[PDB]
Structure formats: structure tokens, C-alpha cells
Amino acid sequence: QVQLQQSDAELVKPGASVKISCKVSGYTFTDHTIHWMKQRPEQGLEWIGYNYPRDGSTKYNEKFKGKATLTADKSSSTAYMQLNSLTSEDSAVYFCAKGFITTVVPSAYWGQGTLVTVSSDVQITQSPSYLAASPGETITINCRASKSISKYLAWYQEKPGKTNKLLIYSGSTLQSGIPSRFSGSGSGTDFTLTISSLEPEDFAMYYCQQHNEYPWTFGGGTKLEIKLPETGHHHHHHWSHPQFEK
């Protein structure tokens, strides 16, 4: 029961700052970095940087240097990110996640996100971007890296109302607690995620992430939809990217 509780949605004017928070419980706060991520529907997931609470050190993705300031308060087990000189391009959902010590290791423990509304790197190509199939069938998602990342590709399942779930890391090792019908493959630049015996729960956003070097970089995302055959009885509901779910 590692929980990251993020602060309420923010609606700010252009040019202002916002400081959003991340309250951690269920492990010793000072033992691991806190990572911060930005997500927009069009641009996907981006890594802003990490902050190490024990020591107060930070590492920033060059693209977010200056834009973001990461701090931590050891007494409250709370991490903060302040965004300054806000513009409409800063409108997104921002996530915090527990890292392992100060490693490149991807996080399996993400916060729920905070919506902010203003009013030589590894590039990864993810495909297909949208996919439809049936319960019981098997589908495959591809991710191609712009340079060799060895075997260090992770896969996430992002479902509405749940925090981001780590499926696979290091290319093919199945995360604890994930069903074996999830499997990953590849090394160097060409990777795949295969989901077999599809079930209705599997509708979600899927993302790959290289964890071979900083900055962390993500694929553009894949949306998976599941049939029901119109011969049977069922329901049709709606879900959206987290930015519109908030």
C-alpha cells in the first residue's frame, strides 16, 4: 500500500505560478526519488525530472529546466513541483511517482495526477495508436527506439480511475501481480507488447517507456478497445484521457 496523494486540480491565468503537491505514504519517504511527469492527449507522457528527498538533489530533463522547480518536505513526506511563467502549453495532467533510490528504474507506484489548466534523447515510436479486438483474441503493440536501449523498455497500462500500472520492464520480465497473458519482447530498438486472451478489463491507454537512460522517454500511446458482439447483451460507457476525466 504505497499511496501518492496529489493536490486538487488547478485553474490559473497565464504568467502565474502553481505549486502542486504529492503526499506519500507506505514507505520511508527519504529512501527514493520522486519523479514528475506531464501528460497531454496529443503529446503523451513526458518526464520532467526527479527530486531526491533525503538529500534534496534534483535532476531535470533539459526541456523542463526553468519551467519546473522540484522540492520536498521531509517532515510531511510531501513532494512539490512549482510551475512558473505558465502558458497554455503547460495545460496538462501532472503525475508524481516513486523511483527506486536514485536509479533509472521505472516506477510502479504513481499518483493519480493533478490537472493544471491555463486560461540525442531516445525518441520512441509506438504503433498502432488505436486498436480494436474481441474478448479471447490476442493483440500486439510495437515500440521502436531511435537508438539502442539494450533491453530496457517498460510497458504501462493506464486505465481511467486507476493509477498507472507497470506491466513489463527490462523488455520482457513480467511485473509481479500482472497476468501471464501479458508478455513483452525485443532488444536494441524493436519491442512488442502482446496481450492474449483479451478480456473487457483490458481497454486502456498503453504506453512504453525506455528506462535505459535519462531523460526517461515514452511512446505516444496506444488506445485498446474491446468488442462486444452485437449478438449478445452488454453496456456501452464512456472514458477519456485523464485530462478530460478531471
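Sequential numbering from 1, following the sequence displayed.
Student: Does the chain run continuously from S119 to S120, or are deposited residues unmodelled in between? Answer none, 1 to 3, 4 to 9, or 10 or more.
Tutor: Missing in between: 10 or more residues.
Student: Going by the B-factors listed in the PDB entry, is the mean over the C-alpha atoms higher for 218-226 or for 234-242?
Tutor: Stretch with the greater average CA B-factor: 234-242.
Student: Between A145, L153, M81, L86, which one tops the list for Cα B-factor in this entry?
Tutor: Going by the entry's C-alpha B-factors, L86 comes out highest.
Student: Report the option among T114, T71, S91, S107 whose CA atom has the maximum B-factor in the deposited record.
Tutor: Max CA B-factor in the entry, restricted to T114, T71, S91, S107: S91.
Student: Based on the entry's values, in what third of the chain does the Cα temperature factor of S172 lie: lowest, middle or highest?
Tutor: Middle third.
Student: Sorting the chain's CA B-factors, does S196 end up in the lowest, middle or highest third?
Tutor: Ranked within chain, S196 CA B lands in the lowest tercile.
Student: Using the B-factors in the PDB entry, rank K159's C-alpha atom against the chain and give the third, lowest, middle or highest.
Tutor: Within its chain, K159 is a middle-third residue by C-alpha B-factor, going by the deposited values.
Student: Is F182 in the lowest, middle or highest third of its chain when residues are ranked by C-alpha B-factor?
Tutor: Middle third - that is where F182 ends up once the chain's C-alpha B-factors are sorted.
Student: Against its chain's modelled residues, does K59's Cα B factor rank lowest, middle or highest third?
Tutor: According to the entry, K59 has a C-alpha B-factor in the chain's middle third.
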